[PDB]
Amino acid sequence: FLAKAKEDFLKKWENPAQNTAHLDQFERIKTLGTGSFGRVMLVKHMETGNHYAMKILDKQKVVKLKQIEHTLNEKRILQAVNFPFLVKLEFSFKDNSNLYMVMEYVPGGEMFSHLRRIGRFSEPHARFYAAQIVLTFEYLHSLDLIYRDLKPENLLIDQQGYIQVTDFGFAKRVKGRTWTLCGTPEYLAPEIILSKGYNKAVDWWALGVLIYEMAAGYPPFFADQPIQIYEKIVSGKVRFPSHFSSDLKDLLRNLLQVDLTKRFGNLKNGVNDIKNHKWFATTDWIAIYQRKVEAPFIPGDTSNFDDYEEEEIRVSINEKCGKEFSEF
Amino acid sequence: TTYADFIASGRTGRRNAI
Ligand SMILES: O=C(N[C@H](CO)Cc1ccccc1)c1ccc(-c2ccncc2)cc1
């Protein structure tokens, strides 16, 4: 499977799709989220009646924040990947002011919203989601991609209750070490905080944080200020809730391992150390991939998304930052 | 409790990237 997937990915990676729609082809309905250099809107493609999520990036804001290369990485990778638990990019294009990525709409909202409301997920519920992340990272890492943005805010729940990973803004295709300080404080591996060259093992550490947060209802390292979070991470002293199973604690001690020669996902057996762990004994990896497992939770409707202030989309009469985004 | 400490913290909302 992975061999065929790499062939498919490389053809798209080497020859990326460009300019596959236009802003006038979509009716903009409502804002689903906002970020430093734009917003995500629910849109309707008038030709088909399909709903999509449109990520709008202001070129000038990307340039001001020195995020050009990361924005080019995001679109180049997202247009090339194909996996059941990844958001599907349908179109991309740009105009004088903005870049646009149009993705299949995932109506269930963020895992973040459901997790905070419910409090915590039971171990079988958390295991169901964690299995999907394990398979997704096995897929991404096999293509030499590092994701670097795992958190419940970036995991969307589809109509079948399965996950769709979004936000490839920090994704990068890299064969060696990399050094960028990026991610979310609670999810940073110690080697990122300590300004070391790091690798895909940072995604496995982030999975450890995610599983802990899903099962506990709070992350393993938190504090009001990021500097305080970093001190807790680099110490790596993790305390587990009394309701955590012995198998769950063993798995987390292996993922939330400061020692790279000991961290699960980063050993000679790679992902198999995770797949074969006792916590995952009840997991049928193939049925998860095939979406045959009954989901523990089933969510143009935007009710599973928070409300955001609307703003008119202004397109300048002059092209901005043309050379910087020529390949988009 | 750790849960009460989390809920009273300023980090329960959507977390921004660094
Ligand atoms: O990348 C995403 N948002 C950034 C924070 O994660 C913020 C941002 C950053 C810069 C510009 C705009 C937004 C994102 C979120 C949701 C969906 C989405 C897909 C499908 N169905 C519903 C929703 C697509 C992309």
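Worth knowing before you read on, the calculation uses all heavy atoms, side chains too, and leaves out hydrogens, waters and symmetry mates. Sequence lines set the chain letters: A, B, ... in the order given, protein chains first and strands last, and positions in each chain run from 1.
In this structure, B:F6 and A:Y218 have tilted ring planes: the angle between them lies in the 30° to 60° band.
Shown here are the salt bridge (charged side-chain N to carboxylate O under 4.0 Å, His left out) partners of A:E123, two or more places apart in sequence or in another chain: there are none. Shown here are the side-chain hydrogen bond (donor to acceptor under 3.5 Å, both in side chains) partners of A:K55, two or more places apart in sequence or in another chain: A:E74.
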- Message: Would B:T2 and A:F222 count as a side-chain contact (heavy atoms from CB on, under 4.5 Å) here? Give the steps.
- Response: CA-CA 10 Å; B:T2 305; A:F222 70 89; 3.9 Å; yes
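Taking both residues in full, the closest heavy atoms of A:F112 and B:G13 are given as CZ-C, 3.4 Å, listed atom of the first, atom of the second, then distance.
Contacts with chain B (heavy atom to heavy atom, under 4.5 Å) involve these residues of residues 223-232 of chain A, listed by number: A:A223, A:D224, A:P226, A:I229, A:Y230.
Heavy-atom distances place the side chain of A:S113, and not its backbone, under 4.5 Å from chain B. Only the side chain of A:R239 has a heavy atom closer than 4.5 Å to any heavy atom of chain B.
To the nearest 0.5 Å, atoms CD1 (B:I18) and OG1 (A:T180) are separated by 10.0 Å.
When the shell of 6.0 Å around CZ of A:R116 is examined, it contains more than 12 heavy atoms from other residues, nucleotides or ligands. Heavy-atom neighbours of A:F297 CZ from other residues, nucleotides or ligands within 6.0 Å: above the threshold of 12.
Pairs passing the salt bridge (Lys or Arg N to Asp or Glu O under 4.0 Å) check and including a residue from residues 6-18 of chain B, sequence neighbours excluded, read A:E110-B:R14, A:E153-B:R15, A:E186-B:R11, A:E213-B:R15, A:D306-B:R14.
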